[PDB]
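Notes follow the structure.
Just so you know, all these numbers are worked out from the coordinates, no wet-lab data involved. FYI the Cβ positions are ideal-geometry reconstructions off the backbone, even for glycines, and counts take in every protein chain you see.
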Amino acid sequence: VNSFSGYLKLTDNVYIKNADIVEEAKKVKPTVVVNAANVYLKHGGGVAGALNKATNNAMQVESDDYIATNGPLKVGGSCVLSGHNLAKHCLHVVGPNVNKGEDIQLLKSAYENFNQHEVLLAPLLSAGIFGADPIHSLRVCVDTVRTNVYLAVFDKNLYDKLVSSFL
Ligand SMILES: O[C@H]1CCC[C@@H]1Nc1ncnc2[nH]ccc12
Ligand SMILES: [Cl-]
């Protein structure tokens with residue numbers, strides 16, 4: 001039993017809700033919140049900009065030190081950093097950005113990072129301003145993640161579309 005509330009159950013391990021991931025994180029304080037990161041951990045917009053804003057830019061400060069030490073992530077890769085005031089940990093995961101020409105096949109690799117954590121609050125990778133089809137992202141999530149994932153979908157219209165079209 002966990003404290004996630006109001007989710008629709010899609011499969012044995014995947015749950016979905018129309019919610020602002022920032023407000024959800026502040027309520028649940030999950031062990032792991034997933035960020036929709038880029039390889040530079042430059043948290044400018046979308047989920048990343050919103051999460052970082054909610055940390056008062058502490059996420060960005062921590063991320064800049066991470067990059068200065070380690071260099072950029074790989075597309076499809078991840079790193080674990082602090083969750084600041086939102087969660088114990090933030091798993092920064094880089095899905096391919098279609099608006100940069102990146103290989104959509106890398107979306108499965110991106111979701112594989114979730115399997116290193118027993119429970120996660122997460123967005124749909126590569127959706128939104130990353131330019132992929134969210135229906136496809138949900139399908140890859142369900143077919144790749146085996147741990148317990150609670151998906152927050154900001155856009156109510158998209159949420160309803162994702163539920164109604166889910167196979
Ligand atoms: O699932 C994500 C992945 C792409 C579209 C969805 N959008 C959001 N859902 C919830 N909170 C959010 N805060 C900022 C953006 C956002
Ligand atoms: Cl977005």
- prompt: Looking at segment 94-154, which GluC sites (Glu not before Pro) are in a loop (DSSP not H, G, I, E or B) and have at most 16 other Cβ atoms within 10 Å?
  reply: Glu118
- request: Please identify, among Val33, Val61, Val98, the residue showing maximal mean-square fluctuation in a Gaussian network model of the chain using a 10 angstrom Cα cutoff.
  value: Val61
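Could you give the size of the charge dipole of the chain about its Cα centre, using +1 on the Cβ of each K and R and -1 on the Cβ of each D and E, expressed in debye and rounded to the nearest 20?
On the way: 15 positive and 15 negative charges, 47 e Å.
Here the size comes out at about 220 debye.
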- request: May I ask you to derive the relative contact order of segment 26-167, considering only C-alpha pairs under 8 Å and at least 6 residues apart, and to give it as an integer percent?
  value: 24 percent
message: Please check: in the Gaussian network model of the chain (C-alpha springs, under 10 Å), which one of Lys156, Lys108, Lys74 has the largest mean-square fluctuation.
response: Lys156
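As a test of the formula, what do you get for the chain when each DSSP H run with n ≥ 4 contributes -39,500 (n - 2.57) and the sum is divided by the residue count, at 222 nm and rounded to the nearest 500 deg cm²/dmol?
Working: 6 runs with 57 residues, N = 167.
Helix contribution divided over all residues of the chain: -10000 deg cm²/dmol.
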- line: Checked segment 1-121 with the C-alpha gyration tensor, a ≥ b ≥ c its square-rooted eigenvalues, rounded below a/c of 1.5, otherwise prolate if a/b is larger than b/c and oblate if not; verdict oblate
field: Radius of gyration and Dmax over the Cα atoms of segment 104-148, both given in Å
entry: 9.9, 28
